[PDB]
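Down below is the structure, laid out as structure tokens.
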Amino acid sequence: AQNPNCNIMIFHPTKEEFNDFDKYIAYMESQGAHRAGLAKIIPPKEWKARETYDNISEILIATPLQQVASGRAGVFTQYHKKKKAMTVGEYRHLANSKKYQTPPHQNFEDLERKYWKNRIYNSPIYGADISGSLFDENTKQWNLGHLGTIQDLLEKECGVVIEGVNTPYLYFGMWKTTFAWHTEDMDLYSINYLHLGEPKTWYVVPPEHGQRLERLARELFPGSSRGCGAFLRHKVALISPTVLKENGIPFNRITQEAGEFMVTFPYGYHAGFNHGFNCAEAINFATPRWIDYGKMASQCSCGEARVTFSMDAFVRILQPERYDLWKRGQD
Ligand SMILES: O=C(O)CNC(=O)C(=O)O
Ligand SMILES: [Mg+2]
Ligand code: NI
Ligand SMILES: [Zn+2]
């Protein structure tokens, strides 16, 4: 079995190997990459997402989210407080202000220490989940706006035609902006490209150990757990690496830099934070190997997690028994 310790693997495809996305994902998996839950892909040196980032300031962040924490430094929840719209130019200026900028630090490890020590005492503003793309339409390889759709994958594997579309989303981050512990909707893959700016640190639990994370989370967030059998779908819970180590949860960590892709694999729990002003683009995707995970994915039926139009059909076809109860939560 390849990669039995479930280490995060880093790939360096040639421009020739960068031509066929599906085939490269399948290659990564042949090397055991999926066992970690997360892989890094460094694009060939000849590749570019677009020519420059000089003209992005007039993108609108219609609902910036202020991430307010509660709890203790290692174990906290965050809620998202809606703020007034601002442009990317305005947001970048805010990220760089004295109140929100990245503090002096030695290296990534020192900054990680400062994040976990100090995250809860600040409320950074996140521009999340903005429909759109920063890939040039002439970028042919690994253009997240041109991937095959999850609906076409389900049709090709299962023969059923369903409604829904699949488009990318932009994330504008600042120091301390945080992604809580989660798997993707319907335990899909995700791909994330860091277009510009400061790095993003990731933590991930191997898929084969996801239930160990879930068990800890139910112990650490006992009221949330009673309210909903899949509360990590709410994307509000944070658990530090120190706490995971104290509780013997297997995990790994890696820092993504501008110009690098990360791939999350089905049922790979992940969480992380941004180092400073940045812009990432991400999209969910599927492969044949996803199907069985989609069939077994937990669902939030308490009504908090409130998810896309396209998830309907996935639950309807892959999880017909759940459908009824899940749609009662979604309506
Ligand atoms: O970039 C972020 O804030 C979080 N991204 C993801 O969880 C992802 O790409 O799966
Ligand atoms: Mg613009
Ligand atoms: Ni994710
Ligand atoms: Zn729920």
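Each residue takes its place number in the sequence, starting with 1.
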Is there a donor-acceptor contact under 3.5 Å from the side chain of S97 to the main chain of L94?
-> yes
Run the side-chain contact (heavy atoms from CB on, under 4.5 Å) check on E304 and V236 step by step: do they pass?
-> CA-CA 11 Å; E304 285 296 304; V236 296; over 6 Å; no
Is a side-chain N or O of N252 found less than 3.5 angstrom from the main chain of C6, in a donor-acceptor match?
-> yes
Counting only N and O atoms by type, is there a donor-acceptor contact under 3.5 Å from the side chain of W181 to the main-chain atoms of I239?
-> yes
Is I249 linked to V204 within one hydrophobic cluster, defined over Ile, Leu, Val, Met, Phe, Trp and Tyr using a side-chain heavy-atom separation of less than 4.5 Å?
-> no
Report yes or no: do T178 and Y115 form a side-chain donor-acceptor pair below 3.5 Å?
-> yes
Residue of the set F285, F21, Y267, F261 for which ring pair (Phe, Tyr, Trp, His ring centres under 6.0 Å) holds with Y189 = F285
Is the side chain of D136 donor-acceptor paired with the backbone N or O of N138 at a distance under 3.5 Å, no angle test?
-> yes
Going by heavy atoms in the side chains, are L134 and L170 under 4.5 Å from each other?
-> yes
Does the side chain of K176 come within less than 4.5 Å of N118's, by heavy atoms?
-> yes
How far apart are the C-alpha atoms of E260 and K200, what are their side-chain angles, what is the distance that settles it, and do they pass the salt bridge (charged side-chain N to carboxylate O under 4.0 Å, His left out) test?
-> CA-CA 10 Å; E260 306 178 340; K200 190 189 290 289; over 6 Å; no
Heavy atoms, side chains only, cut-off 4.5 Å: are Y100 and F277 in contact?
-> no
State which residue, out of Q330, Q319, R322, fulfils the side chain to side chain donor-acceptor pair (under 3.5 Å) condition with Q299.
-> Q319
For the hydrophobic clusters of this structure (ILVMFWY residues joined by side-chain heavy atoms under 4.5 Å, transitively), does one cluster hold both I254 and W116?
-> no
Check: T139/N143 side-chain N/O donor and acceptor closer than 3.5 Å = no
What do the steps show when you test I125 against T177 for side-chain contact (heavy atoms from CB on, under 4.5 Å), and what is the final call?
-> CA-CA 7 Å; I125 294 166; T177 56; 5.9 Å; no
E16 atom CD, neighbour heavy-atom count above 12 within 6.0 Å | yes
Would you say the side chain of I8 lies within less than 4.5 Å of the side chain of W202, judging by non-hydrogen atoms?
-> no
Are the side chains of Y193 and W142 in touch, meaning some heavy atoms are under 4.5 Å apart?
-> no
Is atom CD of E163 surrounded by more than 12 heavy atoms (other residues, nucleotides or ligands) closer than 6.0 Å?
-> yes
Using 30° and 60° as the class limits, which term best fits the ring planes of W47 and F135: parallel, tilted or perpendicular?
-> tilted
Any donor-acceptor N/O pair, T102 side chain to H275 backbone, under 3.5 Å | yes
Co-membership, hydrophobic cluster, residues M174 and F108, 4.5 Å side-chain | no
Going hydrophobic residue to hydrophobic residue with side-chain gaps under 4.5 angstrom, can you get from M28 over to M262?
-> no
Could you walk me through whether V165 and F309 pass side-chain contact (heavy atoms from CB on, under 4.5 Å), step by step?
-> CA-CA 9 Å; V165 290; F309 173 94; over 6 Å; no
Verdict with reasoning, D312 to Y323, per side chain to side chain donor-acceptor pair (under 3.5 Å) = CA-CA 8 Å; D312 194 278; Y323 187 63; 2.7 Å; yes
Check: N192 side chain, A282 main-chain N or O, donor-acceptor pair, under 3.5 Å | no
Rounded to the nearest 0.5 angstrom, the CD-OG1 distance for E157 and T287 is 8.0 Å
Would you give the length of the straight line joining atom OG of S298 to atom CZ of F231, rounded to the nearest 0.5 angstrom?
-> 10.5 Å
Do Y203 and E112 meet the criterion of a side-chain donor-acceptor pair at a distance under 3.5 Å?
-> yes
Check each of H34, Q2, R35, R289 against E29 using the side chain to side chain donor-acceptor pair (under 3.5 Å) test, and report the only one that passes.
-> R289
Are any of the side-chain heavy atoms of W290 and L188 separated by less than 4.5 Å?
-> yes
Hey, are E184 and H270 close enough side-chain-wise for a donor-acceptor pair under 3.5 Å?
-> yes
Within the side chain of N166, is there an N or O that forms a donor-acceptor pair under 3.5 Å with the backbone of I150?
-> yes
ILVMFWY cluster, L147 and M311 together (side-chain gap under 4.5 Å) = yes
Show your reasoning for whether side chain to side chain donor-acceptor pair (under 3.5 Å) applies to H80 and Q67.
-> CA-CA 5 Å; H80 291 167; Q67 302 184 300; 3.2 Å; yes
Contact check, side chains of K235 and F179, non-hydrogen atoms, under 4.5 Å | no
Look at atom CD of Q31 and say whether more than 12 heavy atoms of other residues, nucleotides or ligands are closer to it than 6.0 Å.
-> yes
Would you call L38 and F265 a side-chain contact if the rule is heavy atoms closer than 4.5 Å?
-> no
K99 side chain vs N96 backbone, donor-acceptor pair below 3.5 Å = no
side-chain contact (heavy atoms from CB on, under 4.5 Å) between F18 and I41: does it pass, once the steps are laid out?
-> CA-CA 10 Å; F18 219 50; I41 308 94; 4.2 Å; yes
Rounded to the nearest 0.5 Å, what separation is found between the OG atom of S57 and the NE2 atom of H93?
-> 12.0 Å
